[PDB]
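Worksheet for the structure shown next.
Because the Cβ atoms are built from the backbone with ideal geometry, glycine has one as well, and the counts that use them run over all protein chains shown. Computed from the coordinates by the stated procedures, all read-outs in this text should not be read as laboratory data.
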Amino acid sequence: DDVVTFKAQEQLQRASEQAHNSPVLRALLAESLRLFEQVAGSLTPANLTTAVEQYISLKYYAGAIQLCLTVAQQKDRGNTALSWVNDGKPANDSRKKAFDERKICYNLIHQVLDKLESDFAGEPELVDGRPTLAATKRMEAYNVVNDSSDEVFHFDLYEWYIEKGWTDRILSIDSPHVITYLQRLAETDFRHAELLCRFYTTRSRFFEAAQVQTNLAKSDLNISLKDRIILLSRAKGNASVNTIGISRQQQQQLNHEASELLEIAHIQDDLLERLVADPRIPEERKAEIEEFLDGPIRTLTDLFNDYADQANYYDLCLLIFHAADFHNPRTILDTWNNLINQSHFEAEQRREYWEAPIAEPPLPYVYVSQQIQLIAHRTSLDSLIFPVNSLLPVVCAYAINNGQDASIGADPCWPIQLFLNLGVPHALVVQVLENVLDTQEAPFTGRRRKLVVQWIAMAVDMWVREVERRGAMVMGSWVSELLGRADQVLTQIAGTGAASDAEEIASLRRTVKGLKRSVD
Amino acid sequence: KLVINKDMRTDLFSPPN
């Protein structure tokens with residue numbers, strides 16, 4: 001008797017579906033709606049409510065929405081609620097009637113779209129091979145909403161989508177009325193600028209995203225500095241790739257602005273990062289600092305004076321100079337000398353305490369070498385704040401005046417190895433050691449010039465190694481002129497030394513005269 | 001741009017009056 005049972009379940013399943021298959025209802029309901037839309041502009045809020053309540057009882061969702069939209073438009077046909085919100089919240093106004101009346105209708109639309117999901121909550125989206133009737137009344141409903149020309153309703157709807165946390169709904173909307181809403185809101189709420197930027201990037205309008213991401217870091221909004229760094233770092237990414245329609249010059253114009261601010265913001269961050277963790281600063285001032293630094297990005301003037309220059313943060317002072325295109329060879333160099341000395345000082349401090357130091361601390365020249373590499377890699381070997389013409393001699397002078405050599409087990413040629421490995425051109429290092437070997441300005445005097453030759457011997461050695469591999473054969477007579485002139489220095493030092501290195505010197509001559517052959 | 005002004009600053013090593 002399973003056959004008789006199926007026919008019993010069939011009639012019941014058909015009885016439930018009946019109310020919707022019926023063409024009488026579809027005709028009655030459509031007729032009641034037609035009559036309401038006639039006197040739409042004269043409906044009392046009490047009647048419009050009762051009507052929507054009854055329409056929902058009968059699963060007439062999409063139609064009830066169309067009544068409320070119609071009563072809205074017909075209560076203010078001149079569209080004053082647009083002129084009200086578009087001008088933006090004119091308080092003490094007669095156009096509060098338009099919005100207040102239109103919203104009584106909009107609140108009912110929300111009621112429908114809520115009861116819509118409730119009745120057909122979790123119900124299936126697709127009958128085997130066909131959409132459900134639940135999904136049809138759903139499709140009918142959200143077609144009325146998204147197609148409407150009443151955009152004040154769309155704004156009130158978008159405000160209510162957000163207030164309900166329906167994020168993915170805003171993004172999925174293909175209307176162009178939503179972008180106007182987010183713009184008016186992104187400028188005063190960070191939570192909304194997030195959407196406007198996420199809307200643009202799904203459309204692949206990356207420039208329009210970086211355009212907002214950048215303008216947000218420059219904002220007066222309560223945003224952390226490290227977040228502002230992210231914004232400017234994403235904007236530089238969104239402004240790195242082509243987007244349909246936008247030029248190359250305006251694209252680079254925005255990438256450059258983002259890169260400028262990002263460079264400062266990293267300085268400001270690394271400054272704030274060090275200032276708070278600096279034991280020399282009073283704990284009371286540190287609270288006043290972070291409130292001033294964390295937040296918007298300040299001028300390089302503010303970063304430099306009240307903080308970086310006082311604390312004698314010579315490394316960040318140089319980074320500020322680079323970011324400010326600060327043309328002054330003296331102050332740039334004076335800061336490099338202080339940076340090296342203060343670095344040598346701290347590193348001799350830690351080694352003395354390790355004689356608290358956690359692990360074997362680094363020798364002075366190692367720590368000084370790190371502090372240089374950090375500025376070389378961060379600023380890309382500028383010709384201004386990294387002037388090899390002056391800085392390399394200073395490092396070579398410090399390597400003598402503070403005895404960072406074989407005496408402590410250090411590579412005597414560590415100042416050359418430092419600049420070569422940093423990317424400095426071989427031809428330039430030798431061009432400096434040439435100037436050091438002749439002038440004989442202290443400390444580069446007397447028998448210590450023996451070490452100047454060592455620097456030249458390896459420098460030129462590291463250069464002939466690079467050209468054999470390079471495949472070339474600027475190096476010329478002038479390098480041979482130097483090695484032969486550097487040979488006289490080794491003999492003039494071998495005589496006045498009559499020293500125990502008399503055999504070390506002799507061994508170097510056999511290396512020099514060999515390099516001269518490789519060049520000639 | 002950068003503008004050094006060693007004249008009038010705020011003492012970085014003391015709390016405020």
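Sorting A:501-512, A:173-184, A:197-208 by their mean Cβ neighbour count within 10 Å, with the most densely packed peptide first, gives A:197-208, A:173-184, A:501-512. Along the charge dipole of region A:1-57, pointing to its positive end and built from +1/-1 on Cβ of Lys, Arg, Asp and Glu, which listed residue (A:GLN11, A:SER32, A:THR44) has its Cα farthest out? Of the candidates, A:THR44 comes out farthest on the positive side. Scaled to the globular estimate 2.2 N^0.38 Å, the Cα spread of region A:278-401, given as radius of gyration, is 1.17. Under 24 Å of direct C-alpha separation, and excluding same-chain neighbours fewer than eight residues apart, A:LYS59 reaches these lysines: A:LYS103, A:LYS115, A:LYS137, A:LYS164. Straight-line cross-link partners of A:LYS97 among the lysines, defined as a Cα under 22 Å from its Cα and at least 8 positions apart when in the same chain: A:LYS75, A:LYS89. Taking a point 7 Å from the Cα of A:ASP270 along the Cα-to-Cβ direction, the residues of region A:358-397 with backbone N closer than 18 Å to it are A:367-387. By the rule of a second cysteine Cβ within less than 4.7 angstrom, the protein assembly as shown holds isolated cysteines at A:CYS197, A:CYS317, A:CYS396, A:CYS413. P(r) tail, region A:1-88: Cα-Cα pairs separated by more than 17 Å, 61% of all pairs.
Across peptide B:7-15, the average count of Cβ atoms from other chains found within 10 Å of a residue's Cβ is 5.
Computed 3J(HN,Hα) for region A:188-193, one whole-Hz value per residue from the Karplus formula 6.51 cos²θ - 1.76 cosθ + 1.60 where θ = phi - 60°, is 9, 9, 4, 4, 8, 4, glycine and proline marked x. Net charge of the neighbourhood of A:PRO364, taken over other residues with C-beta under 10 Å away and scored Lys/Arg +1, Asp/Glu -1, is 0.
Among the residues of A:310-318, the average count of other protein chain beta-carbon atoms within 10 Å of the residue beta-carbon is 1. In order along region A:278-295, the Karplus-derived 3J(HN,Hα) couplings, from 6.51 cos²θ - 1.76 cosθ + 1.60 at θ = phi - 60°, round to 8, x, 6, 8, x, 5, 7, 5, 4, 5, 5, 5, 4, 5, 7, 7, 4, x Hz, and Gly and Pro are given as x. About the centre of its Cα atoms, the protein assembly as shown shows a dipole size close to 1200 debye [charges on the beta carbon of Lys, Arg (+1) and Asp, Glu (-1) only; nearest 20 debye].
Loop-resident trypsin sites (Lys or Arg not before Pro) (DSSP state other than H, G, I, E or B) in region A:75-134 with no more than 14 further Cβ atoms inside 10 Å of their Cβ: A:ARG77. Listed values for region A:228-243 are Karplus-derived 3J(HN,Hα) couplings in whole Hz (6.51 cos²θ - 1.76 cosθ + 1.60, θ = phi - 60°), namely 4, 5, 4, 3, 5, 7, 6, 4, 4, x, 5, 8, 8, 9, 5, 10, and x replaces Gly and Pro. Where only DSSP H runs of four or more residues are counted, chain A gives -23000 deg cm²/dmol as its mean residue ellipticity at 222 nm, each run worth -39500 (n - 2.57). Take the cross-link list A:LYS450/A:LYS516; A:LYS218/B:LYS6; A:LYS236/B:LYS1 and give me the ones stretching past 19 Å between alpha-carbons. Beyond 19 Å between Cα atoms: A:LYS218/B:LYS6; A:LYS236/B:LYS1. Averaging over every viewing direction, what projected area does the convex hull of the Cα atoms of chain A cover, in nm²? If I average the Cα hull's projected area over directions, I get 44.1 nm².
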